[PDB]
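Below you'll find the structure, written out as C-alpha cells, and then a few comments.
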Amino acid sequence: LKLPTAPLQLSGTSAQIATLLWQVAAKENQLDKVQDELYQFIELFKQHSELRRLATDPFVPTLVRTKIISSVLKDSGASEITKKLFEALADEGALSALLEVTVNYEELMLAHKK
Amino acid sequence: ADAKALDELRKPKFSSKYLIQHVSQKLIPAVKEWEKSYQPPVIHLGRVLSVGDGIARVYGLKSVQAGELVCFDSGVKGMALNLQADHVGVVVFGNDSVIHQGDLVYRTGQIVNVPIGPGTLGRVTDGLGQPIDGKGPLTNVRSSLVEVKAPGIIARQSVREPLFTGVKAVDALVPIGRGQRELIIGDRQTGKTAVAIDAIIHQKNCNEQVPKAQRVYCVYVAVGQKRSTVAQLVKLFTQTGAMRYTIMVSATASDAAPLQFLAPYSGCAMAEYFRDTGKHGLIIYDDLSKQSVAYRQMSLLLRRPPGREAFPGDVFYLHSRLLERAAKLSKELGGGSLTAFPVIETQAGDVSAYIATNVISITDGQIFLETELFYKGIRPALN
Amino acid sequence: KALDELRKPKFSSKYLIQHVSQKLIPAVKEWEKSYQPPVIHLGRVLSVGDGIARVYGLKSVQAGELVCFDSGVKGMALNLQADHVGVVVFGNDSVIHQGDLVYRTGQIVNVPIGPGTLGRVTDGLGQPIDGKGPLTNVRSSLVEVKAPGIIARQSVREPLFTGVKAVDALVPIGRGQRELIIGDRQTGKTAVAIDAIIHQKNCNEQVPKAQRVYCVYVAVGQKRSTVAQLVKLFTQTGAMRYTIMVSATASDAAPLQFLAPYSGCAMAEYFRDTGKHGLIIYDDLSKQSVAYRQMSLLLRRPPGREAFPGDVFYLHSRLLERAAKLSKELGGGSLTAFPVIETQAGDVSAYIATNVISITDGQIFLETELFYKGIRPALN
Amino acid sequence: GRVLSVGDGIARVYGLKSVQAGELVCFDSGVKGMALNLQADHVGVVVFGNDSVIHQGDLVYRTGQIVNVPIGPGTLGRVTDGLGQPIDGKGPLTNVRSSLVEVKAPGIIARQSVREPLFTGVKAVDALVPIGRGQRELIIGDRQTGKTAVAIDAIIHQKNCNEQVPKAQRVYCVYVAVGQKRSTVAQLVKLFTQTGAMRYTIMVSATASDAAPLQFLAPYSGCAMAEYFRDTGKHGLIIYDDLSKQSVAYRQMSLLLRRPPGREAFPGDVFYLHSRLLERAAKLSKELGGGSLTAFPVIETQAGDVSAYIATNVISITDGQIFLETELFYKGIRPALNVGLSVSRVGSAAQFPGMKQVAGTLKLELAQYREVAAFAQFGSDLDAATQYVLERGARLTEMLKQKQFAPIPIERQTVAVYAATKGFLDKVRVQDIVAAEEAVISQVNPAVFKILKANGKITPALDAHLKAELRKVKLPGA
Amino acid sequence: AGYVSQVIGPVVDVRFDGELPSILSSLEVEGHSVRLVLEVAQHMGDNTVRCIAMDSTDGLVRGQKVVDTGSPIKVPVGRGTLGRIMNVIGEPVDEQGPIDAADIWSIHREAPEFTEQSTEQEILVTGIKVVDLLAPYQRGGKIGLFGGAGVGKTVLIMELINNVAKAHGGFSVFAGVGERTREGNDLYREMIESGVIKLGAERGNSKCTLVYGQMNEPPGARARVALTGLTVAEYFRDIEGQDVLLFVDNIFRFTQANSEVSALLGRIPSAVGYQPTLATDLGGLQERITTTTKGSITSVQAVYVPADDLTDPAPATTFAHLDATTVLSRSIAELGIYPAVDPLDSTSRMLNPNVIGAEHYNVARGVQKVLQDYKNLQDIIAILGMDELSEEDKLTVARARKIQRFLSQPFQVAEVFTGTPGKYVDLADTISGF
Amino acid sequence: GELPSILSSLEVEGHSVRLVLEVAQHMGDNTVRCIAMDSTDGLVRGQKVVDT
Amino acid sequence: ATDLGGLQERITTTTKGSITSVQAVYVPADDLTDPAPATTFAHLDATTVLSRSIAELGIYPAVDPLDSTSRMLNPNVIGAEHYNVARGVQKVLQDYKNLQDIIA
Ligand SMILES: Nc1ncnc2c1ncn2[C@@H]1O[C@H](COP(=O)(O)OP(=O)(O)OP(=O)(O)O)[C@@H](O)[C@H]1O
Ligand SMILES: Nc1ncnc2c1ncn2[C@@H]1O[C@H](COP(=O)(O)OP(=O)(O)OP(=O)(O)O)[C@@H](O)[C@H]1O
Ligand SMILES: Nc1ncnc2c1ncn2[C@@H]1O[C@H](COP(=O)(O)OP(=O)(O)OP(=O)(O)O)[C@@H](O)[C@H]1O
Ligand SMILES: [Mg+2]
Ligand SMILES: [Mg+2]
Ligand SMILES: [Mg+2]
C-alpha cells in the first residue's frame, strides 16, 4: 500500500491518530470536509451531556458506547472517514481524545495551507 | 498539543452544521433504546471503579473530604484516603471481597470517627468502635474523630502524679508518671503483656479507694493478636472486675490491615475522652510493632516507595502522632492525663531495629524485658 | 467551561493506533477493495528487541503455543495480553522487523521422543545438531506434561548405582528419586553426573532388557566446546548407545535454554512411561533459571527476589516432579533426576538453590576445600 | 520554548526543536540551563540555579552552544563557581578563553609514558606510593581521615617547587571542591593565600547549596581549566575533592529526569561519569607539547567499605590508590596511609632515583613488620631476629609520620629515609623518632641537599659523605 | 458469562460484560484438557477481574468462555471425605470414585467471632508422655513441629491421629501444602498400612482426610490447599462438634506459595522477600484454628526455618501464633528413644501453673531441671571421667538417664512393623510416674 | 490563570484551622503541587485556595 | 548471560583454524560471586584466578594456586608425572592453608 506524506512530524498516540486522519483525508480530497465536522463534534459535546457521557463515564458498556455512535452517524455528512473513526474511537473509549486529535489536525492543516 | 491552542477550540469555528442537527434529533431515541443498560449516573455518591488488595478506587464522590468515612452499599465502611482528579482512593475497613465494581459508595459526611463516652466503658469494640462483645450497641456515647491533633506545648504541664503499676520491679526501678509514655519492649514470650495487665488490675484495685477524680480508666488496644487471646483477656478482666474501668479495642490477626492500623487511633480517641474531661486514662497499645506491619502492608499495596526494612518512611509519623496524644494537660484544660504503654516486640533482642528505635525516640522511657532473665525464672524479666 | 473533562484523554491501550489504522485505511474507497490485515491466525510484529516480539493480532493463539515468523524463526506465545501477544523468539531477533507476519502453528511446543533419540545430540527443541541426519524412529510429544500423581506412583526401592563410592555408600540414590548435585564452580558436579552415566553403560551389558537405564544429559548454558568434548567422551566410552544429549548452549536463545530441561525430560519420560528406566541430568539448572529470568524480565513481568519471577519455583518444581517411580499398573517405569545447581561461595541460602533444595529428595554437596584437600569426589 | 512543568530543579520545555544534547539554554528569568533529555514532546532541562524563579509558560531561549567555561591563565588565583564564573569578588575573568567542558580524552597516539615525578611532599606518599606526572591517583578513605590534607599538601608543595625549577616544569594546580561548605573552601583560599600557593591555583567550588547540575558539572569545568596547561606544554594538577559527592549530584539529576535507578540508586552511566573525566588526565607526547595533567580524585567510603559502588568504579579507573584508614589515624599515624592496600601502577619508574633505591627496602621492611605485629598482638613469643623486624618496622612507621601543613621537598625526605633504612636511627627510642629527625635535617649541612637534588641520586661521592655526616648529629637519647 | 482477556502465566484476566464475580469467587473455564478453576483475586476495572489459576494455563485462549459459580471454591465436606485424598478444588485424587459429600462448603470463611470464642485454654491430651508432660498441647492451639527425615515424624503424626480419634472421638485432616509427591504417596501408604486410613467398604471407619497440593501445582493451587483442609476440619468442628486435628504440613510452604501469588499479582514485596500481606495471609489461616463453643481444631503445623534464622519474617510471623513447639531431633533418635522429642528444646505456652496446675507444672519443671543439669556436665564427663563426679551428681545422672529412657513410648500404629504393642498413657499416670 | 511562584504560600479558605500550602512544583496543566503546613483532613476537591 | 555467551561462543577453534584466547576478567570487589565473573567462568578452558592476598605477600604473579583450574589438568592429557606433581603441590598448599589457621 501507500499513503501521502504528512506535512509536519509530531507527537504520539493522539497526534498520530491525527496524522493518519490527515493521511486518509488527503487521499479522499475531503481535507477541509473532515476538519469542520471535527469542529461539529466538539460543539456536539458542548450541548449534549449524553454524548460526553460516552467519553468520560467509565461505567458505560463498550457495546452501548459504540452502538449510540453508529446509530447517530447514518449517511448525513458521514464522509466514511469521520464515521469509521468514531466507531474506532468508541471501540476503545477514546472519544475523549477528540479535543486532542483536532488540535493536532489543525496544525497539520495550516502546514498544508502553507 | 498546546493549552492556549486548545482553549481557542472552545469557541465555535465550524459555520456549517449539517451534522449537529442530524444527530441532535437522533440522539435521544438512541439513548432510549439503550436505557436499561445504563447504570444511573453518579456525582455526589460514588461508584466503585476497581477494588483489590483492600483498596477501592471510587468514581464520583464529588464532595468527600480527605480522610472521610465513606460507606459501601455492602455496609462495610471505608476511608477516603487520596482524593484524585478522577477517582477517590478508599481503604476498606474490613474484607474487600464484599465490594464489587459498580457498587454504590455512600458518603457519611464525617471524618473517620468512633463513639467515645462513658458508655463505651466495659465494652469490647473492634478497631472502628463497633462492639463485638454481643451485648448490644454502644449507648450513652458520642462520636469523635480518631485523628485529632495532640495538645501543644501550652496545653501541657509536667507529670507530678505517680500512677502505680502494681509491679514491684517497675514501680521501684522504672516509675511511671501520670501523663508519661513508657515503652514495654522485649522479645517474644517475655512478659510484655503481663506488665500491662498488672497495671490494669492494679488500677481496678486502686479505683475503689481514691476520691473519684484520681481514678484511672484503662483502654487496651489489642492489635494483630489472636482472637482467643483477646477472649481470654476479656474473661480475665471480668473475673477480676477490671472491665468496669477498661475498654477493649481489638483488631485481631484475621482483621483487615486498615482495621489493625486504625485500632490504636480509635483506642486513643476513646481514652482522650478521659484525658479531655479532667479524669485520667491509661492506654496500652499491645504490639504497636504489629500496627507498623499492617501500615507497611497498606503502604506497599498503595505502591508507595519502601524504605528501611520495608517500611514507608512515615512509619515514624504513624507512631509519633499516636503517642503524642498521651499528655498531662494543664490546669486550665482540666488537669487530665493519658498514660501510654506501647508494646514493641523485638527479634532476638535487637533493639537497634527500625520500629524499635523509632518508638524509643518517641516515648519517655523503656521497660526492657530480657529473654535471658525470663528463662532463668526472674519474672518480670526487667533489664 | 464544560469541556475540561475532555481536556485530558486516557487510554486503555498503548496500541490505540493499531485499531484506528485497521478502521480508517479500509475506509478510503481505493483501499477498501480487499486490503485488510487479518488478525485471527496471523499477527503483525509491533515491537522486536532482546528476543521478545510484541505481536498485534493472533486472536486465536493459545498460551504457550508455538508461532512462526516470516523468516522461519519460531517463537512461543507467552504473554497473551488484551491487545498484543508477547512472543519469545527461538533464535536471533535480527531477522524479525516491525510489521513481519507471525503465523501461529496451532501446536504447543513439541519434541521428538522415542528410541530414535538414543545417541543423538539434539538442540533444546529436538533439532539434531550432530550433523547425522533427521531423527527417524521418533514420535512428536508435548514438552510440558503433567507429572504423575500419588496413585500413579510407588515407593523408591531399587537402587540406582552411581559408580561413585561416596555416593553409592553414604548418600544412596534410588530409581525414581531426585537427587541434587550442588556445589561451587569447578568442584566436580559434572564429573559425578558423567560417572553415573558411564556406570549405567557398564551395567546395561549385564542386566536384562527391563532393568536397563537410559541416560539423558541436558547441557544448559554450557559452551559447544564442552558439549562436543562430552560427546567425544561418550562415544569413546560407548555410553552414547544409551544416552540422549539435549544441548541448549550459551549462544542459543534464552527460550531454548529455558525449554531444554523440559525437552530432555519429555525425551526421558518415554522410557519411564513405557516400563523402562531413565536417568536425566539437568546440568546447570541455575543457568536455566537465569535464562527464564531473562525472558520474564524482558516480558516486563513483576520481579521478585534477585530478579526472579513469582513462578520460578513453579518452573523448577513442575520440571523436577516428573522424575517418579511409577506403579506396577503403569509399567513400573522410573525416571531419576540429577539437577545440578552451582552455588557461589557455598551459599546454599540463595534463591534458586533453596528452591531446588526444597524440591529434591537429597543433595550431594561438593565442597571446594575438600576438593583441594585431595578428596575427589569432594562429597561433604 | 515554553516551560511545561518546573520543579526540583528540572524544567520540562516544549519546543526548542533544534536544541542540541548538552546545549546551554537560557530562561527569561535569567537563570541558565542545560538540555539533557531530548524527547519527542519535551526537553528535560536541568536548571543552573534556583528553579523557584521559573514558572509554567516562561520562555526558554537556546544559546546554540554546548556548556563551556573560561579557560586560560587568567583563572589562576581566582575562585570560580561550578562553571567558570568567579565568586571571589575580584571582577570578571580577564585574559581567558572559552572551551567546552566535555572534551574527548587524548588517545593512544597522543600519549607518552609517565616518566617524570610529581612530588607530593608527603613522604608516606613519595616513598611508597610514588606519583608521576600524567597519572590518576585516587585518595580514598573513610570520613575524617587525611584525604584533603594529602591534597592540600600536594598543592602547597608545588608552590615550594615552582620557585626553584625553570619555567617549563612548573605545576599549576586546580582544586575542585564539590558539595562542600562555602565555609570549608573559604578556609582553603585563606590557606592558599597565606602560604602563597594561590599564585598557581585555580579554585573551582560548587558548594552544597549549589544546584545539582553545578556540582555534577564542576569537575568537568575544573578539568577544562586544568587542560589549558596540559594542552600548552605546561603541567597541571587537578584535585577533585569528593567525586563521591559529584555522583550524588548526578544521581539527583538522573532520578529527577526520570531515568531509571540502578545500583543503590545510581544511573547506569555512572562509571562513564567518572571514566570520561579521569581519562582526561594524561601525559601528552612531544608532538602535542609534552604537557601533563595529574588527577587526584577523592572518594569517601562509609565504614572503610571500599566495596561500595562508586568506590569500586574509581579504583578500577585510576592508576594508583591511596587508602587512608581511621584506625591508623587514631594510632598516631598521620598521614594515615595503609601501606598494604596503597598501590601506584606507574611503579618506581616515575619517582626520585635518590629514593628509588632507599625506599625499595622501606616498602620491603614494612611488609615484614605488618606480619610480625599481627602475631605479637597475641603476646606469644619473640625471637630476637623476629623482634628486630618488629623493632625497625616501628622506627619506619614513626619515620613516615608527617605533620599537617608542612610538606618536605624531596631530598630531606630521602635523607630521612636514609637515616632510617641504614640503622642510623637505631638506639633512638621509638617515642621520639618524630623528634629525632628535626635534628637530622637541622644539623646535617644544607650543602648535601643541593648535591642530592641536582644529581637526583646518591652517588658514592655523596653516599659515603652522607653517612660521614649522619654520625656527626645529636639525636635525642643516643 | 465472561471471557479470558489475558493469560500471563498463572494469572488470567477475565472480562465479564454482565456483572462481575465477587473477590475470592471461583471461575470455571469452558473447554480445557483439565478442569481449570480460576479464583478471583481483584477487580481491575473496565469490567475485568484478575484471577489466579488452580492448574496450568497452557492452551488457554483469549476469549474462552468462563463461567462464574457465584461462590468461592466449594469442596466436598463431611464424613465421606475420611480416608480419601482430595485436592485443592475438591476432586478425588485417590482414584476411588467420587467423594460422598455430606455438604459442599466454600473454603473462604471468616474466623469464629468474638462471642463464639472459648476462653478456657485447657489441655488436649495426646497419650504421648513427653508431649503431655513437658510440652502440653492446647486444645484449640497451634503446634510447631520441628522435625525432619528419619526422626519418626510420620509415625508421630499418625499416632496423634490415632490417639485423638480413639480417646477424644475427633477426626483429623492432613493438609499437604506444597508436598513432594513421593513423600505424599509414602504418607498415604503408611496411613493405609497402619490403620488410620482404610480402603473400600471399610472407608468410613478411617480416621483422617488427606488434602494434598503437590509441588508441581501452580502457586495459587498450593496457596489455597490449607484452606481446603481447614474447611474439612471446620465441618467436623462446627457441624459434627468434634475435637479435630489439622496437620498443615510445612506452614512455610503456605507462606512461600502466598508470596509467589502476591508476586505474580504485581504487588511490591515487603521485608526480606515476602508478600506485603504476610501477617494477614497467615492470620487468615491461623485464626480459623481455634476452639468454638461447638468443638475445636488443633493444628500440628510443621515449621521450616529458612536460613536457620528464627528472626526471618516467615518463622517470626508463624511463631506469633504457635502455642507449643515440639522439636524432633536426631540425637534423641539415634539414642533409640522414640518419639524423638527433645525435652529441653520443646516449648509450650500451656506449661504454666495457672492452666495446668501446680502439680503438673512442678513435675514438668523438675524433669526439665534434672535433664538440663545432666546435659551440661557432658563436657566434663568426657575430659575427666564418668567416675570423677561427685556422689550427688551421679545420683542426678542416674535419675536423668532413667528419666530420658522413660520419655520413650511404644506407639499403637508402629506395631505392624515393630512387634511391641502400643501403650496409650493418660495424663495422671504420666504425672504420677514422673 | 496566573500561577503562583514556587515556594509561595497559599491559604485555603473554608478549613477548620488555618491551612497554609507552600508551592513545591508546577505540575504542567495550570496545576501547582503544594505541601500543607497543617493536616489536610477535610479538604474537598473544589475548595478555594487564595494565593498570597 | 546471553550477551556474554553470544560474544564468547564465537571465540572458538573450528575445523578451519584456531583462536587461542586470553581474556582478562575484572572481578569487581575481589568478588568471584559477582554475576559477570560468575558468568564468564563457564566459558573458559583455564581460569587463572589472581588473588589479593598473594600479591600482598610479595608473590608475583599473584595466581591463586588452589582457585586456578584448567581442563588440561587431566592425567591422560599431560601425562601422570605432570598431573601427580600438580596435585601434590595443591595438596601441600591446601594443608598449609588449613595449618595457617592454627599457626597464627
Ligand atoms: N511475672 C510473671 N511471673 C511468672 N510468669 C509470668 C510472669 N509474667 C508472664 N509470665 C508468663 O509468661 C508467659 C508469656 O507472658 P506474656 O503473654 O505476658 O508475654 P508476651 O510478651 O505477651 O508474649 P507474646 O507477646 O508472645 O504473647 C505467660 O504464659 C505467663 O504465664
Ligand atoms: N574424581 C575426580 N578426580 C580428579 N579430578 C576430578 C574428579 N572429578 C573432577 N575432577 C576435576 O575437576 C575439574 C572440574 O570438574 P567438573 O567440570 O566435572 O566440575 P564442575 O563443577 O561441573 O565444573 P564447571 O562448573 O566449571 O563445569 C576438572 O578439571 C576435573 O578434571
Ligand atoms: N597529617 C596530619 N597530621 C595531623 N592532623 C591531621 C593530618 N591530616 C589531617 N589531620 C586532621 O584531621 C582532620 C581531617 O582532615 P581532612 O580535612 O583531610 O579530613 P577529610 O578526609 O577531608 O574529611 P572530610 O571529608 O569529612 O572533610 C583535620 O581536622 C586535620 O586537622
Ligand atoms: Mg503479648
Ligand atoms: Mg560442569
Ligand atoms: Mg575534605
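Order determines the names: the first chain of the C-alpha cells is A, the second B, and so forth; residues in each chain are numbered 1 upward, and ligands are numbered 1 upward as they are shown.
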Interface list for chain A, partner chain C, 9 Å threshold, only C-alpha atoms, as an MDAnalysis selection string: chainID A and resid 1 13:14 16:17 20:21 24:25 27:28 42 45:46 52 55:56 80:85 87:89 91:100
Shell around residue 22 (chain F) at 6 Å using only C-alpha atoms, local window under 2 positions removed, as a list in words: residues 7, 8, 9, 34 and 35 of chain F
Write a file of the selected residues as a compact mmCIF listing (two decimals), in the first residue's frame, keeping N, CA, C and O atoms.
# COMPACT_ATOMS: atom_id res chain seq x y z
N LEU F 7 7.58 28.07 46.00
CA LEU F 7 7.82 28.44 47.40
C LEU F 7 6.85 29.49 47.90
O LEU F 7 6.98 29.90 49.05
N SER F 8 5.89 29.93 47.10
CA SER F 8 4.88 30.86 47.60
C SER F 8 3.89 30.14 48.49
O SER F 8 3.66 28.94 48.35
N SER F 9 3.32 30.87 49.43
CA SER F 9 2.36 30.30 50.35
C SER F 9 0.96 30.56 49.86
O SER F 9 0.65 31.64 49.34
N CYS F 34 1.49 21.37 46.09
CA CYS F 34 1.79 22.08 47.31
C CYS F 34 2.00 21.12 48.47
O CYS F 34 1.54 19.99 48.46
N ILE F 35 2.71 21.60 49.48
CA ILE F 35 2.90 20.91 50.75
C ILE F 35 2.09 21.66 51.79
O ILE F 35 2.13 22.89 51.83
Which residues of chain B are close to chain A, meaning at most 6 Å apart when you count only C-alpha atoms, and how do they look as a short mmCIF file (atom, residue, chain, number, x, y, z; two decimals) with N, CA, C and O atoms, in the first residue's frame?
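Wrote selection_26.cif, looks like this:
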data_model
loop_
_atom_site.label_atom_id
_atom_site.label_comp_id
_atom_site.auth_asym_id
_atom_site.auth_seq_id
_atom_site.Cartn_x
_atom_site.Cartn_y
_atom_site.Cartn_z
N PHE B 14 -16.97 26.34 13.07
CA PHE B 14 -17.37 25.42 12.01
C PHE B 14 -18.16 26.09 10.90
O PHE B 14 -17.89 25.84 9.72
N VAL B 23 -27.67 14.64 14.26
CA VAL B 23 -27.60 13.73 15.39
C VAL B 23 -28.35 14.26 16.61
O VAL B 23 -28.65 13.48 17.51
N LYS B 26 -31.50 12.54 16.59
CA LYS B 26 -31.37 11.10 16.62
C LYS B 26 -30.64 10.58 17.85
O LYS B 26 -30.47 9.36 17.98
N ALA B 30 -31.76 6.97 20.42
CA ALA B 30 -30.68 6.01 20.63
C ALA B 30 -30.42 5.79 22.12
O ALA B 30 -30.23 4.65 22.55
#
Within 8 Å of ligand 6 (only C-alpha atoms and all ligand atoms), residues as number ranges by chain: D: 144, 146-149, 241-242
Just N, CA and C atoms for this one: save the residues we selected as a PDB file, in the first residue's frame.
ATOM      1  N   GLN D 144      36.618  11.234  58.253  1.00  0.00           N
ATOM      2  CA  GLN D 144      37.548  12.304  58.622  1.00  0.00           C
ATOM      3  C   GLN D 144      38.923  11.692  58.824  1.00  0.00           C
ATOM      4  N   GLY D 146      42.991  11.717  56.547  1.00  0.00           N
ATOM      5  CA  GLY D 146      43.736  12.785  55.917  1.00  0.00           C
ATOM      6  C   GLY D 146      43.536  12.953  54.427  1.00  0.00           C
ATOM      7  N   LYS D 147      42.296  12.999  53.937  1.00  0.00           N
ATOM      8  CA  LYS D 147      42.093  12.938  52.493  1.00  0.00           C
ATOM      9  C   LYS D 147      42.347  14.266  51.808  1.00  0.00           C
ATOM     10  N   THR D 148      41.742  15.347  52.279  1.00  0.00           N
ATOM     11  CA  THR D 148      42.078  16.609  51.647  1.00  0.00           C
ATOM     12  C   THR D 148      43.407  17.134  52.136  1.00  0.00           C
ATOM     13  N   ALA D 149      43.906  16.624  53.259  1.00  0.00           N
ATOM     14  CA  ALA D 149      45.195  17.051  53.773  1.00  0.00           C
ATOM     15  C   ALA D 149      46.331  16.601  52.870  1.00  0.00           C
ATOM     16  N   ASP D 241      37.967  17.029  44.889  1.00  0.00           N
ATOM     17  CA  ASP D 241      37.640  16.628  46.245  1.00  0.00           C
ATOM     18  C   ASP D 241      36.184  16.204  46.291  1.00  0.00           C
ATOM     19  N   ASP D 242      35.970  14.946  46.687  1.00  0.00           N
ATOM     20  CA  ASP D 242      34.704  14.230  46.651  1.00  0.00           C
ATOM     21  C   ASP D 242      34.109  14.101  45.261  1.00  0.00           C
TER      22      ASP D 242
END
Straight-line distance linking CA of residue 72 (chain C) with CA of residue 49 (chain C), stated in Å to one decimal: 17.2 Å
